[PDB]
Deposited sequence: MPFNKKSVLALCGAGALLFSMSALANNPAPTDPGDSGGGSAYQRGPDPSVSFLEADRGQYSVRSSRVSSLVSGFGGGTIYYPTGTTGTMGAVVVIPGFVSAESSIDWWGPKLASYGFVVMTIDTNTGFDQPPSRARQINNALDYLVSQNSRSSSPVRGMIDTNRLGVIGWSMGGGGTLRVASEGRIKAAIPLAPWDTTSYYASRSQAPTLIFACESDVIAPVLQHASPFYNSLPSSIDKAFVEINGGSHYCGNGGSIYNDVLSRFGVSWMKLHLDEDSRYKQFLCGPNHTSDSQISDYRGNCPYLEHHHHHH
C-alpha cells in the first residue's frame, strides 16, 4: 500500500459512477490574484490529511464548452482539482505552459493560506495537470520541466514534439479519433510516439471523438474515468490498486508501456 492512498478498493463500477467516495465543494478564484485568469477549485469535504492537486486547463478559441467535468469528478476520488476558466489572457502553447505554472504556484500557496478552504489539504509535492488542445501542448511542455508527477493531455495541439520527447512525468494522452482541429496523426499520435521510454505512458484514442472528446460530460465518460482517474491514483498517490485498470468498444487505438514499475 501507499501512505497517500484514499477511498475503497476500486472497481470499474466505482470508477464509472458519477462521483467517487467523497462529497465535493467548490471555491472561485479571482483573475486579479491568480496570475492564470479565473478558476474554480473543487475539493472533497469531510477529509483529513494532504492530497494530490491537479490543474485542469482548456485551450481552444471559440470553444463551445470546456473541461469542467473533470473538476468534481476527479475531486470526489480524493484530489484538490482546479479548473481554469475559458476566457483568459493566454492563447498558444508557450503561454499555456506559463499559465499552468502560475496555476500550480497558486495551488501550492493555498496550502498555507489561512483563509483558504483548501488550507492544509494539498501535498505540494504531488501535482498533476490535465490540459486540452493548446492547453494539452502546454501540459506536455510543463511535463518536460520536472515538477509535475502526472500529465494527461486531452486532444493535444502543438507545433513540435520537442517537449513530448522530454517528458519527465507519467503521461497519458487521450486522442480523439475524428479530431479535425488537432488531427491525431499530426498531434496526439506523434507526441505519444516521441515520449521517453523512462516514464509510464499510455495512448487512448476515443472512437468517433471530435476535438472535444476528452473533456468529459458527453458519451465518453466511462473510458475517461477508467484511464484518467486511475492515472492520477497510480501516479500522484502511488496507489497500486489502480494498476489493474491500466495494465474497450469506445477505444479505437491503444498504446502503452505496461507493466508500470511500482
(request) Map the modelled residues onto the deposited sequence and report the uncovered stretches in sequence order. (result) 1-38, 286-291, 307-312
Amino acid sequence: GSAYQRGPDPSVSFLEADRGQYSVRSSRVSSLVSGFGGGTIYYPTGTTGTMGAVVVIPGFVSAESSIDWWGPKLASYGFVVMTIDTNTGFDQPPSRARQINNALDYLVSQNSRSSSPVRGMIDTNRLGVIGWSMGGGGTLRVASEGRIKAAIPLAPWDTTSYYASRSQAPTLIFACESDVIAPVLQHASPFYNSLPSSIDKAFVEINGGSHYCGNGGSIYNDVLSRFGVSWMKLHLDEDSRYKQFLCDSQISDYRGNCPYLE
From here on, numbers count along this sequence of modelled residues.
(message) Can you tell me whether 43-51 has a higher mean C-alpha B factor than 194-202 in this record, or the other way round?
(response) 194-202
(request) Kindly indicate the residue among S76, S115, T139, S95 with the greatest C-alpha B-factor in the PDB record. (result) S115
(request) Could you say which of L32, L236, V229, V56 has its CA atom at the highest B factor, as listed in the PDB entry? (result) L32
(request) Name the third of the chain's ranked CA B-factors that contains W70, choosing lowest, middle or highest. (result) lowest
(message) Sorting by Cα B-factor within the chain, modelled residues only, which third would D123 end up in: lowest, middle or highest?
(response) middle
(message) Is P170 in the lowest, middle or highest third of its chain when residues are ranked by C-alpha B-factor?
(response) middle
(message) Quick check for you: using the entry's CA B-factors within this chain, is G89 in the lowest, middle or highest third?
(response) highest
(request) Please place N101 in the lowest, middle or highest third of its chain by C-alpha B factor as given in the entry. (result) lowest
